[PDB]
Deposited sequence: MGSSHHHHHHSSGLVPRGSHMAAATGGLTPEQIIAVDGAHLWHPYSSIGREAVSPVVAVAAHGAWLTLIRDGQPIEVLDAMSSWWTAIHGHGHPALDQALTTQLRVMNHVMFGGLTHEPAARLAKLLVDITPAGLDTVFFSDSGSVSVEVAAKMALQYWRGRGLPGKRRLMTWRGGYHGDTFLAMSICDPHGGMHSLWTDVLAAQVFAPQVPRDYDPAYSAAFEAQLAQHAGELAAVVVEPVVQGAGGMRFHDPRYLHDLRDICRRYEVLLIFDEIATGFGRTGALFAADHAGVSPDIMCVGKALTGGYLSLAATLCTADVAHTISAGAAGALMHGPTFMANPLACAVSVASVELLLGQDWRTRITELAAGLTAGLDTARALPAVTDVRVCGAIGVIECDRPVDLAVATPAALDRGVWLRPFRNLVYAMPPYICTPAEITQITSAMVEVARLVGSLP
């Protein structure tokens, strides 16, 4: 065991954090329950709201009794078995649910252990698909700027070149095709231009890959769902697969079960993750259509050569089943609409603040965009004083709260955001 001081000491010497350095200070978390984290501030444990849902994951809050129970129930019977030559109930139950609730036509599921991996699996499916059609020249990807798809090297290649620091990786990453930043408001001219650019690359392109409706890590930007309708149409006419990365948008977050639903379109391949397990454990999945699966499987190449060791882990699958069932068993649509309303009401006053350039809400996502970078040394202690854990990045103050947050809690979260923006 360790005290918070010893935790800090070990951490400082030995632990890498996300996109950070060694030797160039994290706060100790000692507990988490419901929408609340218990953190150590100046030696004292304080409870603060998890306004980020621990990076989109904790949709039902932490330690939800239904999810805890599902995990302990599975733990008593079978922790894990290899998915090579064996199958099990949690995998089957989850696959059936996912095929049932995702956009029409996605009826095969490949489980993996993280979002980045599921994106690489998606790309491999796309590339292998065209090889299966005797068109191995179709091996590039196309996306629009502003996106994020994970940190592995292939995933990096489709991340926004700036957000992704591609300047530090020149000569290393695959060279992919980038369309301009998709605008917020629908402009048919944008889709016409996208089509024209894609058309000249069509014989070289395996797939278009995008985050539908909301671009998360790349800048919390929203775009009209009609663009997705356009992409589906362009992809169909030029024979390029469409891949939706719903790793952040999945499971109700944008006000629809999957953001694709806002557009009423179905991609050829889809990735889900983050909230899949209700934020308990790492699990991801890549779904594809019957046509994709068979075309791969009928290829001379044959099998899809991917197989994570912990593929379809019974514990992760079991909690995900429970997380998904819990979401489906409640009036989730009304819950998100309410959250969206609370965020809109709460954030409204920031729009008139001097440093604020935009205020936007989409389902259970609220964003204040400022006219300059947000100083974390100022923002964090402010938010903590107000009982809220916020993680601004760049010029963005934002939140994606647990679905279980009460009106009072949403008011607390937004009040802390508005204050952070005021201090900007």
**Report entry** Missing residue ranges, deposited sequence indexing starting at 1
**Finding:** 1-26, 51-53, 454-457
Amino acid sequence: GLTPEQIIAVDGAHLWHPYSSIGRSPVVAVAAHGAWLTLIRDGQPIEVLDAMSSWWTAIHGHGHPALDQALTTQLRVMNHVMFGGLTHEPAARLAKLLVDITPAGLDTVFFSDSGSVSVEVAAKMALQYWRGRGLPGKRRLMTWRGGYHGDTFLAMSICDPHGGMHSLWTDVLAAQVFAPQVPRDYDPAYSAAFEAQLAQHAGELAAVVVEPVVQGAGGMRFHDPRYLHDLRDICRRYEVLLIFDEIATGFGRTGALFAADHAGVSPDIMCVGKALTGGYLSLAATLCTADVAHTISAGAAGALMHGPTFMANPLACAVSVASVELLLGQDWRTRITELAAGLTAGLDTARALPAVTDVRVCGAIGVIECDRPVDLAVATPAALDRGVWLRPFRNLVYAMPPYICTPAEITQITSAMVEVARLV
From here on, numbers count along this sequence of modelled residues.
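Heads up, when I say rigid core I mean the largest set of C-alphas that superpose within 1.5 Å between the two forms.
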Query - Greatest C-alpha divergence in 7 other deposited structures of this protein once each structure is fitted on the rigid core, 29-37 or 374-382 - result: 374-382
Report summary line: Assert higher mean C-alpha B factor (228-236 or 311-319, deposited values) equals 228-236
Query raised in the report: Quick one: higher average CA temperature factor, 118-126 or 216-224?
Result: 216-224
Query raised in the report: According to the deposited entry, which of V209, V182, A300, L97 has the largest Cα B-factor?
Result: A300
Query raised in the report: With respect to the C-alpha temperature factors reported in the PDB entry, which of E246, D187, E89, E204 ranks highest?
Result: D187
Query raised in the report: Taking the entry's C-alpha B-factors for this chain, is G61 in the lowest, middle or highest third?
Result: lowest
Query - Chain thirds of CA B-factor: placement of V374 - result: highest
Query raised in the report: Going by the entry, which third of its chain does the Cα temperature factor of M142 land in?
Result: lowest
Report summary line: Of the three thirds of the chain ranked by Cα temperature factor, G164 occupies the highest
Query - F393 CA temperature factor, ranked by third within the chain - result: highest
